[PDB]
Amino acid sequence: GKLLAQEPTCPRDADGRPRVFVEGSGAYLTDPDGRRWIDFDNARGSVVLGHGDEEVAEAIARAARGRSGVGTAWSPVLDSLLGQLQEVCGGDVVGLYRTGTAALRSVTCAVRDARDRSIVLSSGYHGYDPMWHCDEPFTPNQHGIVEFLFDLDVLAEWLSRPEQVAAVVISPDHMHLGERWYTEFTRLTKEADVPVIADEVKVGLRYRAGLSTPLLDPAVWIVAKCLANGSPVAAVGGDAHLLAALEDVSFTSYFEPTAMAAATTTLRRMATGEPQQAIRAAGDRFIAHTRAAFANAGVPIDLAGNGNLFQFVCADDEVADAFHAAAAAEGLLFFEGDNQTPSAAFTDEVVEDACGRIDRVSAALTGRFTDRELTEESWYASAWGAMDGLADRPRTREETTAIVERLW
């Protein structure tokens, strides 16, 4: 760790040190003491089938033995993958990358080049690349990117001179943005006649066998986390003209057969919609059980989202700190301060286990914070962590300014 220059997002203890897990299977991880934990983090939501899913593993092992193509060259598995992507997501053309970061940078640069226009309006996280960094919201960074924090009043201001705007790129959230938000988003962008890049790295295939909302009409999409059960594959597709500059993309590992095996195998399953409905059902039991447990002990922690993708909304940082300590004590591995994303290995027995552990958390919290209330502050702070901008709750510009001051 001393040696590592980077700071990977991962589970960390109270001291900030990465939590070590030495094996895992399905929904369960094992720590170096042999204790078993239930994983709701699941490699930031990229393990959707379950750790060690055997169908994926068999495919990867066959590919590792050279039976399913070579890294040197095109293979039939690639044809199958590209075909599957276009059937499920749509679009004229498709492309592949190793990370969501890479996919988002490449498509944003390509669409900007095709549009010959300098400004990109953005909300949501799009990866680690410095092109997205900015010192303040609502004004262009040095790369021409304007963060609008899912504020449609700001978006409307920017779209009021739409000829300088190349694209609008958003990472759709469905915990804190509803049908009204999407209807207005799409109204605005269609009025401006500016293309939409839907960054569905997290939500594409998450809820259903396809992109997350028919309320967006994207010119370009990206999916990744739900594509390959954690193997490093991201895909993009959409309009051929907008993605013309993708002709310049090539990378050494393009034909690597294990990644292709993982993606073809996982996509075949996700395209049925079965895993997503299993996960929704099981997650929904856990959320219903947890919401009740907490309500009845007077613990000031609510939940947002659904079985596929949910989050805890704590009254304050003190509640949250105590909640995380108690959860870790019961071996519940949540993505702290962010979204929870069960896999298809979160089955009914695991739900029963997890519900026991959350009874024990609720007991560990009872009587301590009863005098505390979930306020609008709690909600905005929680949403900010999980979806990387402002919740769709009614507000004036003065309020928007005050919330940003608190959370930036």
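Each residue number is its position in the shown sequence, starting from 1.
Chemist: Going by the B-factors listed in the PDB entry, is the mean over the C-alpha atoms higher for 49-57 or for 335-343?
Modeler: Taking the mean B-factor of the alpha carbons in each, 335-343 is higher.
Chemist: Going by the average Cα B-factor in the PDB entry, point out whether 157-165 or 313-321 comes out higher.
Modeler: Per the deposited B-factors, the answer is 313-321.
Chemist: Go through 147, 217, 200, 247 one by one and give the residue whose Cα B-factor in the PDB entry is largest.
Modeler: Highest CA B-factor of the listed options: 217.
Chemist: From 308, 189, 212, 142, can you pick the one with the highest C-alpha B factor in the entry?
Modeler: So the option with the highest C-alpha B-factor is 142.
Chemist: Hey, what third does residue 294 fall into on Cα B-factor, ranked over its chain?
Modeler: Its C-alpha B-factor, which the entry lists for residue 294, ranks in the highest third among residues of this chain.
Chemist: Lowest, middle or highest third: which one holds residue 27 when the chain's residues are ordered by CA B-factor from the entry?
Modeler: Middle third.
Chemist: Once the chain's modelled residues are ordered by C-alpha B factor and cut into thirds, is residue 98 in the lowest, middle or highest one?
Modeler: For residue 98, the deposited C-alpha B-factor lands in the lowest third.
Chemist: Sort the modelled residues of this chain by their C-alpha B factor and say whether residue 227 lands in the lowest, middle or highest third.
Modeler: Lowest third - that is where residue 227 ends up once the chain's C-alpha B-factors are sorted.
Chemist: Considering only modelled residues of the same chain, in which third does the CA B-factor of residue 65 rank: lowest, middle or highest?
Modeler: As the PDB entry reports it, the C-alpha B-factor of residue 65 lands in the lowest third of its chain.
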